[PDB]
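See structure below.
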Amino acid sequence: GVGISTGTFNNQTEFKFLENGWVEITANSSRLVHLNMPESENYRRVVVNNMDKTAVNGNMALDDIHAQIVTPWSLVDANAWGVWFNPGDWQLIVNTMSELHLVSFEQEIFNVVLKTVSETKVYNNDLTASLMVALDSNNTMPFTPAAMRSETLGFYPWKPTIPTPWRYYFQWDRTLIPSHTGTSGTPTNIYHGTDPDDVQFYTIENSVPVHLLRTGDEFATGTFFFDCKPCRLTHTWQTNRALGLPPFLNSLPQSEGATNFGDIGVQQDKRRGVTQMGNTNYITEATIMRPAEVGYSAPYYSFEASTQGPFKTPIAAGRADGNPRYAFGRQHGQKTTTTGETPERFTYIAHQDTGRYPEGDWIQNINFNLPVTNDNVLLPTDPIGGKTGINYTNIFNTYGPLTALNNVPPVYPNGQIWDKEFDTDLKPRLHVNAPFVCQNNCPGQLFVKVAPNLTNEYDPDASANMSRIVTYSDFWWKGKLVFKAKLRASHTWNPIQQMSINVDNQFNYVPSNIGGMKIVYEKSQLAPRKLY
Amino acid sequence: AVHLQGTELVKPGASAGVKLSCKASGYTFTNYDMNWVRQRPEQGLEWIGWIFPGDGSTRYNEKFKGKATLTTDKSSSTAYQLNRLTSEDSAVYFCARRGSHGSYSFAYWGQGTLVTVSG
Amino acid sequence: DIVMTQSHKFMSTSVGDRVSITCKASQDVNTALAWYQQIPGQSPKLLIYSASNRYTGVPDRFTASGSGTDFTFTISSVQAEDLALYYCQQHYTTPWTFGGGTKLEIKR
């Protein structure tokens, strides 16, 4: 009713230790969401064209052309690691566990309170106003993860959070022929428009049922049950140079020290083994046959163009290129007492050794005369196309059937948790933004809107926008995310790497004297793992 | 019909700053960055920086970093330079705009505003 | 920073001759070069961009060529309205740097 609570606040993380080394992790997240009335109750089709920056020769990468439908609805996203875990629970997980499954997810909206502003300013209660809630359970509306724009709910249980205004990409065409500083022509910079065969205008009113929650109502999305693969919290270190049986050392060191090395007491052209170079007798560590290949090379900072413009080719694993950079604001980890619009940024350097070092590759003629001359080698220091800053490693692809690579690690707290699978015939082997991927169906999105509060002078035949009473809502959101983890076992004599607090990172976990908080990024895949 | 109109002479003392202005007419102001150049009678022309009025994005050179700050004003189509310390920086300042091509050539220049620092 | 040096500061010239101003760059700029003309006491006027292309409205007597570190800007037939201060700008990388200038004269 009007004076009865419809739910409870719960932000506890429960660890239930089943037998056989399996743990259930129930993460409860509760927030107070503050929502304003839409700027306009109409759907807009807006085109963004930053001609000012891309008309300059050399600024192709600064392209921001697109078309989007702007919607009067807002999205409530909780697809980020920081909504569910604090540094302590994250330490416990990444120090005690080895894998991680995604079991269940559920949401609720309760304790809705709608208010009206009257202009000093007076704030009255609208006991009869309503808040529209829509849940796209069938996954009809386009998927839109907020973690890529850093627009999820906040990371603090004691800080009120806002939802993000919903919008989606409308089709368009764009051609941007690249150039450089010193081009003699004006190649082409044209926004064509929309192909009528690809138009797609979605509305929440025509696709999903909308519930109207008043002050004493509550919404409860049932529990969604995932079915995915386990994310591993262990990293691998073995490259192709560390796979299999090492070579037998005929001369072992006698005086234990720092510069006393061992010696394989056999000439390189008199060794035994298998090679894939069928025209040479040398058996070394760079030439011996390994089972497969760990990682691959890919053209880095490469831009492929398509009907909607140029885009960067994504890299699976990096070692610079491949490492994701996260930028975020005061709601998502930045010091809440800083001033300015400069976001906090960090590059996540993963622990896994599955990248490449292009300054150390080379190609040589099949003759293999080992002391190699100039005309029989291609180094990462020779010009390709006459360009001093482009070598062959920039246009090199070594992805083949013998390539083995790992999935991306969780990024606390700004990384995404789950992702939807592409609705194509041939699916990608992994995503670079989320460790988990909903293959068949994924949790539905939760849109919120505040119902139109009309005045007494309303004319639908008036070209001007409707006059509404200034209304805003504050409700409470609750979420339950259930994981399954395995507890790790020690197989080595030596300890392993663990996450801990120390004198350097001490004040990143406690607030300042003025209430300033921050959530620094933590590594996830700490312990090593045997590959072969 | 692109026209850039700068303010006229100024004579500040050797302690303060002066704000030079440049009014643009004849084009979408937010479609082109505004560049500021300097001409001393002995050291030649020199580029101070540029300001993109949409998004208000600046870039200077290392010489005029703490010496000049650029600012834009839409709804009036004006560009401003601040000239912080102005010790003996007496020269003619120009407000320039790219052109139609795409290279950072300067097709349209202002008439120039002279700044003399004395006592 | 790229320093751009024009060979001479004053170049003798008689009306009707062919004059060739030279410009050198500290490092290799591919084409990346613009040529300006300034009458003493006015604003510069853009003559050439990309070291070969002629801006709209420039008379066909001004041409330019070159690449890398050497560039040349030539007038095939001088007029009295062409004796000015010619500047050499590079638009290869920031900061944009100009040359010192070469004033064209009339022979004494």
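Note on naming: letters A, B, ... go to the chains in the order of the sequence lines (proteins, then strands), and numbering restarts at 1 for each one.
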So, does [X] use its side chain to make a donor-acceptor pair with the main chain of [Y] at under 3.5 Å?
X      : Y      : answer
A:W81  : A:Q416 : yes
A:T236 : A:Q238 : no
A:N28  : A:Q12  : yes
A:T221 : A:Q107 : yes
A:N86  : A:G88  : yes
A:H235 : A:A527 : yes
A:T398 : A:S297 : yes
A:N79  : A:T152 : no
A:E522 : A:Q91  : no
A:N138 : A:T140 : no

Tell me yes or no: between the side chains of [X] and [Y], is some donor less than 3.5 Å from an acceptor?
X      : Y      : answer
A:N260 : A:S255 : yes
A:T223 : A:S104 : yes
A:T393 : A:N391 : yes
A:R345 : A:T342 : no
A:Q364 : A:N369 : no

Can you measure from [atom1] ([X]) to [atom2] ([Y]) and round to the nearest 0.5 angstrom?
X      : Y      : atom1 : atom2 : value
A:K420 : A:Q445 : NZ    : CD    : 8.0 Å
A:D419 : A:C442 : CG    : SG    : 7.0 Å
A:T239 : A:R356 : OG1   : CZ    : 8.0 Å
A:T354 : A:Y296 : OG1   : OH    : 9.0 Å
A:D77  : A:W166 : CG    : CH2   : 12.5 Å
A:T313 : A:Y301 : OG1   : OH    : 11.0 Å

Is any side-chain heavy atom of [X] less than 4.5 Å from a side-chain heavy atom of [Y]?
X      : Y      : result
A:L446 : A:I109 : yes
A:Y156 : A:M517 : yes
A:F85  : A:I25  : yes
A:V372 : A:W362 : no
A:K523 : A:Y348 : yes
A:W90  : A:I519 : no
A:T8   : A:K478 : yes
A:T54  : A:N59  : no

Might you confirm whether atom [atom1] of [X] has over 12 heavy atoms from other residues, nucleotides or ligands at distances under 6.0 Å?
X      : atom1 : result
A:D423 : CG    : no
A:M148 : CE    : no
A:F17  : CZ    : yes
A:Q506 : CD    : yes
A:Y357 : OH    : no
A:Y532 : OH    : no
A:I366 : CD1   : no
A:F422 : CZ    : no

Nearest non-hydrogen partners of [X] and [Y], listed with the distance:
X      : Y      : value
A:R31  : A:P157 : NH1-CA, 3.4 Å
A:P310 : A:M60  : CG-O, 4.4 Å
A:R290 : A:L243 : NH1-O, 2.6 Å
A:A316 : A:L405 : CB-CD1, 3.7 Å
A:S150 : A:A327 : CB-O, 3.9 Å
A:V437 : A:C228 : O-SG, 3.8 Å

salt_bridge([X], [Y]) N-O dist < 4.0 Å:
X      : Y      : answer
A:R330 : A:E341 : no
A:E359 : A:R319 : no
A:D63  : A:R174 : yes

Next item on the list: Before giving the answer on side chain to side chain contact (heavy atoms under 4.5 Å, CB included), spell out for A:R149 and A:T164 the whole-Å C-alpha distance, their side-chain angles and the decisive distance to 0.1 Å.
Entry: CA-CA 10 Å; A:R149 303 281 180 182; A:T164 170; over 6 Å; no
Notebook entry, point to check: Picking from A:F346, A:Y326, A:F155, A:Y521, what satisfies ring pair (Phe, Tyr, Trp, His ring centres under 6.0 Å) with A:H332?
Noted result: A:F155
Margin query: Against A:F105, only a single residue in A:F224, A:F436, A:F483, A:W84 fulfils ring pair (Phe, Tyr, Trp, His ring centres under 6.0 Å); can you say which?
Written below: A:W84
Margin query: Would you say the rings of A:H101 and A:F226 are close, in the sense that their centroids are separated by under 6.0 Å?
Written below: no
Item checked: Residue pair A:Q497, A:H351: steps toward the side chain to side chain contact (heavy atoms under 4.5 Å, CB included) verdict -> CA-CA 11 Å; A:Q497 201 206 57; A:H351 278 124; 3.3 Å; yes
Notebook entry, point to check: Only one of A:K486, A:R488, A:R232, A:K229 clears salt bridge (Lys or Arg N to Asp or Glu O under 4.0 Å) with A:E99; which?
Noted result: A:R232
Margin query: If you apply the rule side chain to side chain contact (heavy atoms under 4.5 Å, CB included), what do you find for A:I496 with A:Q498, and how did you get there?
Written below: CA-CA 6 Å; A:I496 63 180; A:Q498 312 274 73; 3.7 Å; yes
Margin query: Run the side chain to side chain contact (heavy atoms under 4.5 Å, CB included) test on A:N394 and A:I384 for me, step by step, so that the C-alpha distance in whole Å, both residues' side-chain angles and the decisive distance to 0.1 Å come before the verdict.
Written below: CA-CA 9 Å; A:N394 294 267; A:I384 277 300; over 6 Å; no
